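Residue numbers (the deposited numbering), protein chains in the order written: chain I, 1 to 63, 81 to 206, 256 to 287, 301 to 422, 446 to 503, 508 to 630, 638 to 656; chain J, 260 to 336, 357 to 388, 391 to 422, 427 to 448, 455 to 496, 547 to 572, 637 to 648, 682 to 728, 733 to 744, 753 to 764, 796 to 842, 879 to 968, 979 to 1001, 1007 to 1016.
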């Protein structure tokens, strides 16, 4: 009967120990040869056998899919090994001594009555909630902090082998640019990051570090390769996952690829030259080119835009670059002006796009290259109204040979001082922010700084130039189109403002001077640099 | 009910015999290719039922080893692939049966019972279960090319699922199964001919993705080698294993098959420079048309089909052809002559009008119509010949001198006509644009003979303005002439 039982506890049910698909292993009924009391201890013992059967049945069935489920069952047999081994010995002792009884079996298997009923619910949570993917590495971890020492020493082994899969995939991606996966288990799926499957104890900070160190290889298409493989393999031997060490291997790998990427991003591929191109054309750095382009391509934009004006300007811009004695077949065809038509003055839709090369494709995305365009739209407008305004002055002095016609310059100069010095704080926010962007580059050998220094440099331009500040941007905008009306009024005639021109002249001064002092209350962070220039002679102080 | 009441140790020797791969056993008597336990077996213990249970599990393993032995039997008693597969399968059993016969030694000469031999055979009954699933896909199937491709492809897929002792088995089972293909591939490369049996290979002179990422470099090397003679690869993959499995590891096999390819294609192009030369045969083709042809056409200005021949050897017709040997026939195809003839016809009509209005030297009012027209035709001729028939020509020569392939030389060539037939507007939009240039060319014919005047400028100023007001739609290269 002893060898009969030792098989029942192995997974083989018989006549004495019937098997039921719902309840589990249990004794059939009373027996003469056994004592009528011992039937209870067997039923308590069979609570141990029912687990092992339901274990090995699940292990073989493999059920759901995924490597992290395959490896879990692969490891689940390792913790189960001492149970099989400690069962083989019971045959040894019983073979020798012919007087032992069932009570001795209960003494040897005391700890296993404590290890299985706790690890059992770990399996039940998986088959009852469809836990798929890396979420197992948390569901098993949330139960690894239990109080029972053996349970803690058991699941830690399973987590130690389950990490071997992640460590296999993680090293395969961080150095070969490809992710070996066909079931969306890894937390990476132009790649992205996953949060709804990311482990619990892993912080998002290192997760971001992983996403960058890999994409920097896949896009990129010696000794810095094998040595890290030994480091990753070393962690696979650690019987305890220590986050404090997981970061010391990632950050070194991160700093090495970043140091290697910075070398190419600046030295081999000259970023300074390319930034110099952007500052000149986008941010109106080469203003001498745009005043001639505005001089030529003027009549062909005040009319509403049509399907033909897109080519009518590219030739004008090309006629311009040669008109400023600049000759360079490089970077000349790379600048293509765009006309936002069919989804209205023509200037409102003008823009300049830039076909970036291959190396800087990562640094200049369509997002960052769009905020640049918005600056070019606004900065051109100020340049347009300023060049237009001064031409009127070029006519007043040219009109030297009415007691009311003198009100023109008494308004023109006011409209001049507010506008000319408005183009200041621009040559002192560009040549100041840009001078920091260029200094943050030649300082840090790291490349990660450039992606942030350049990003912060761009956000400052939108903030410093009051483009994002709605109230001031909606008041000065009224000043912009205001000068268009005034300058036209002086140019649309050649005599004194008598035919309802003066009647129209006094209209704007009631609004302009109101708009002027309205702005003054707004300024009363960064406006101090601007308001100081307008207030040098304290004209607004008397206003 | 009677029972045989067998002893205990006898059962173990039975299982060792059954797992060995023999038949006709007192226990596990098969009936229909399915091993099944007897019904009268009983020991002093195990209540006659657990024995039927424990034997049933081992019987399930006998089925896996009996079916495989039936498979090896149906091969012994020129596919050259199953032979490479069974020899790998048979090689496993010898390294396995030794583990079985060794156990029987310790039985005749330490206590041994059932629960010990099973646990001792755990790392074997695990490896055996895999074969029941790998072979299940190699038995469930009629042509010899689908039975071998689907088998060899199942292995390369089944290993990537297992990416340690189970991987070492499938890998050692893979190499001995891909040995036939790796042989014929090498044999096709160096010996320049494909030596296949029963059309086993996939190229029947439906595809295994094993060698797909480099397949193009094989065929383009095989066929290229065959045209050369008319004018140990497996022993390299295995040493690679001596010095991240089967996906990156396999990515180191191709350097053996790629460098070998690079020599072959580089050899054909090398011997194609002289001795069935091509660079001098190609340039002279685009030279005898597109000086020499100056005197030829002038004789046609002032007919007979034989008259021209003696002239050449010295309205839209004059089909010209050429003689091409076989080593270059594949490059300059038959449908390639017509395109070269196509642009030759149109080019001459431009030389015609240009020469007709230049050979000569309200009375002087005709001259204001001369410069107003002689310039226009002269402008168009400067566009076709110089900035088209010499731009792409200057680039084409710089490209052929770097030819490194039999195929790509066709592509770089075919990417020269199909573009020169597009820039020179002759393919499409003929009745929309090309006809305009065609009808104004008739003004070069009418005005040439007469040597009505007021009615020419009314037409000329109309069609010329019709020409610009139609071409104004500009695809972008048309602006090089749109100035006039």
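Note that the Cβ used here is the ideal one computed from N, Cα and C, for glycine as well.
Inset, instruction - Report the option in 586/I, 642/I, 168/I and 301/I whose CA atom is closest to the CA atom of residue 614/I. - result: One-based indexing of the first chain puts residue 614/I at position 508. The option with the nearest alpha carbon to residue 614/I is 586/I.
Inset, instruction - Can you pull the chain I residues whose beta carbon is under 8 Å from the beta carbon of residue 305/J, in chain order? - result: Position 46 of the second chain holds residue 305/J. In chain order: 3, 4, 7 and 14.
Legend entry - Coarse secondary structure for residue 908/J, derived from DSSP in three states: The count along the second chain starts at 1 and reaches residue 908/J at position 391. Of the three classes helix, strand and coil, the one that applies to residue 908/J here is helix, per DSSP.
Inset, instruction - Answer yes if the segment 49 to 60 of chain I comes into contact with the segment 326 to 336 of chain J, meaning at least three C-beta pairs across the two stretches below 8 Å, and no otherwise. - result: Contact between the segment 326 to 336 of chain J and the segment 49 to 60 of chain I is absent: fewer than three C-beta pairs spanning the two stretches fall below 8 Å.
Legend entry - chain I residues whose Cβ lies nearer than 8 Å to that of residue 990/J: If you number the second chain from 1, residue 990/J lands on position 463. In chain order: nothing, as chain I lies at least about 24 Å away.
Legend entry - Rounded straight-line distance, which links the Cα of residue 956/J to that of residue 888/J: Reading the second chain from its first residue, position 371 is the one you call residue 888/J. Reading the second chain from its first residue, position 439 is the one you call residue 956/J. So the alpha carbons of these two residues sit roughly 19 Å apart.
Legend entry - Same chain, Cβ closer than 7 Å to residue 593/I, neighbours up to 5 away in sequence not counted: In the first chain, the residue the question calls residue 593/I occupies position 487. So the qualifying residues of the chain are 490, 491 and 494.
Legend entry - Residue environment, residue 899/J, which counts as buried when at least 16 other CB atoms sit within 10 Å: Indexing the second chain from 1 puts residue 899/J at position 382. Exposed: under 16 other Cβ atoms inside 10 Å.
Legend entry - Neighbour list for residue 10/I in chain J, Cβ cutoff strictly below 8 Å: For this step, residue 10/I is matched to residue 10 along the first chain. Those within 8 Å of residue 10/I in chain J are 396.
Legend entry - alpha helix (DSSP H) segment containing residue 686/J, residue limits: Position 248 of the second chain, counted from the start, is the residue given in the question as residue 686/J. Careful: residue 686/J lies outside any alpha helix (DSSP H) and carries neither H nor E.
Inset, instruction - Assuming residue 646/I and residue 654/I form a contact by the criterion Cβ under 8 Å, report the distance between their Cβ atoms to the nearest whole angstrom. - result: Numbered from 1 along the first chain, position 533 holds the residue referred to as residue 646/I. Numbered from 1 along the first chain, position 541 holds the residue referred to as residue 654/I. So it is not a contact: roughly 14 Å between Cβ atoms.
Inset, instruction - Could you pull out every unbroken alpha helix (DSSP H) segment of at least 4 residues lying fully inside the segment 140 to 179 of chain I, listed in chain order? - result: The segment 140 to 179 of chain I contains these whole alpha helix (DSSP H) runs: 153 to 159.
Inset, instruction - Assign residue 27/I to one of three DSSP states: helix, strand, or coil. - result: Working through the first chain from its first residue, we reach residue 27/I at position 27. When DSSP states are grouped into helix, strand and coil, residue 27/I belongs to the strand group.
Inset, instruction - Please report how far the alpha carbon of residue 366/J lies from the alpha carbon of residue 360/J, in whole angstroms. - result: Here residue 366/J corresponds to residue number 87 of the second chain, with the count starting at 1. Here residue 360/J corresponds to residue number 81 of the second chain, with the count starting at 1. Spanning the two alpha carbons is a distance of roughly 10 Å.
Legend entry - Nearest to residue 399/J (by Cα), restricted to the options 278/J, 493/J and 465/J: Looking up residue 399/J in the second chain gives position 118. Among 278/J, 493/J and 465/J, the Cα nearest to that of residue 399/J is on 278/J.
Legend entry - Local conformation of residue 648/J per DSSP, three classes: Numbered from 1 along the second chain, position 243 holds the residue referred to as residue 648/J. Residue state for residue 648/J is assigned as coil, using DSSP reduced to three classes.
Legend entry - Which of helix, strand or coil DSSP assigns to residue 579/I: What you label residue 579/I is simply residue 473 of the first chain in a count that begins at 1. Reduced to three states, the DSSP call for residue 579/I is helix.
Inset, instruction - For chain I, find out if any of its Cβ atoms is closer than 9 Å to the Cβ of residue 268/J; answer yes or no. - result: Position 9 of the second chain, counted from the first residue, corresponds to residue 268/J. Not an interface residue.
Inset, instruction - Examine chain I for any beta-carbon lying closer than 9 Å to the beta-carbon of residue 275/J, and answer yes or no. - result: Residue 275/J sits at position 16 when you count from the first residue of the second chain. No, residue 275/J lies away from the interface with chain I (no Cβ there is under 9 Å from its Cβ).
Inset, instruction - Measure from the C-beta of residue 101/I to each C-beta in chain A and report whether the shortest distance is under 9 Å. - result: In the displayed structure, chain A is absent; the protein chains listed are I and J.
Legend entry - Supposed close pair residue 329/I, residue 275/I - CB separation, criterion 8 Å: Position 250 of the first chain holds residue 329/I. Position 209 of the first chain holds residue 275/I. Contact flag correct, Cβ pair sits at about 6 Å.
Legend entry - Runs of alpha helix (DSSP H) lying entirely within the segment 526 to 550 of chain I, each at least 4 residues, in chain order: Taking 4 residues as the minimum length, the alpha helix (DSSP H) runs contained wholly in the segment 526 to 550 of chain I are 536 to 547, in order along the chain.
Inset, instruction - Could you pull out every residue in the same chain whose Cβ sits closer than 7 Å to the Cβ of residue 965/J, ignoring the five residues on either side in sequence? - result: As a first step, residue 965/J must be located in the second chain, where it is residue number 448. Only 837 and 838 meet the Cβ criterion.
Legend entry - Three-state secondary structure (DSSP) of residue 552/J: Sequence index remark: in the second chain, residue 552/J carries index 211 (1-based). Three-state DSSP puts residue 552/J in coil, outside helix and strand.
Legend entry - Extent of the continuous alpha helix (DSSP H) run through residue 14/I: Working through the first chain from its first residue, we reach residue 14/I at position 14. Taken as a continuous stretch (DSSP letters only), residue 14/I belongs to no alpha helix (DSSP H), as it is neither H nor E.
Inset, instruction - With 9 Å as the threshold, decide whether the Cβ of residue 108/I is near any Cβ in chain J. - result: Position 91 of the first chain, counting from 1, holds the residue named residue 108/I. Residue-level contact check: residue 108/I touches chain J, since one or more beta carbons of chain J fall below 9 Å from its beta carbon.
Inset, instruction - Give the secondary structure of residue 456/I by DSSP, where H, G and I count as helix, E and B as strand, and everything else as coil. - result: In the first chain, counting from the first residue as 1, residue 456/I sits at position 354. Strand, per DSSP.
Inset, instruction - Answer yes or no: does any C-beta atom of chain I fall closer than 9 Å to that of residue 260/J? - result: To locate residue 260/J, count along the second chain from 1; it is residue 1. Not closer than 9 Å to any Cβ of chain I, the Cβ of residue 260/J fails to qualify, so no.
Inset, instruction - Kindly list, in the order they appear in chain I, the residues whose Cβ is closer than 8 Å to that of residue 313/J. - result: Here residue 313/J refers to the residue found at position 54 when the second chain is read from its first residue. Neighbours of residue 313/J on chain I, chain order: 7 and 12.
Inset, instruction - Please go through the same chain and pick out, in chain order, the residues whose beta-carbon is closer than 8 Å to the beta-carbon of residue 379/J, but skip the five residues on each side of it. - result: Here residue 379/J corresponds to residue number 100 of the second chain, with the count starting at 1. Around residue 379/J: 275, 278 and 279.
Legend entry - Contact between the segment 395 to 410 of chain I and the segment 529 to 541 of chain I (3+ Cβ pairs under 8 Å): no
Legend entry - Exposure of residue 961/J, with buried meaning 16 or more beta-carbon neighbours within 10 Å: Working through the second chain from its first residue, we reach residue 961/J at position 444. Looking at its Cβ environment, which holds 16 or more other Cβ atoms inside 10 Å, residue 961/J is buried.
Inset, instruction - Could you tell me if residue 881/J is buried or exposed, where buried requires 16 or more neighbouring beta carbons within 10 angstroms of its beta carbon? - result: Reading the second chain from its first residue, position 364 is the one you call residue 881/J. Answer is exposed; the Cβ neighbour count stays below 16.
Inset, instruction - Determine, using beta carbons only, whether residue 309/J comes closer than 9 Å to chain I. - result: On the second chain, position 50 is the one that residue 309/J refers to. Yes, residue 309/J lies at the interface with chain I (some Cβ there is under 9 Å from its Cβ).
Legend entry - Cα-Cα separation, residue 527/I to residue 642/I: The residue labelled residue 527/I in the question sits at position 421 within the first chain. The residue labelled residue 642/I in the question sits at position 529 within the first chain. Looking at the two C-alpha atoms, the distance is approximately 11 Å.
Legend entry - Every unbroken alpha helix (DSSP H) inside the segment 555 to 626 of chain I [4 residues or more]: 576 to 597
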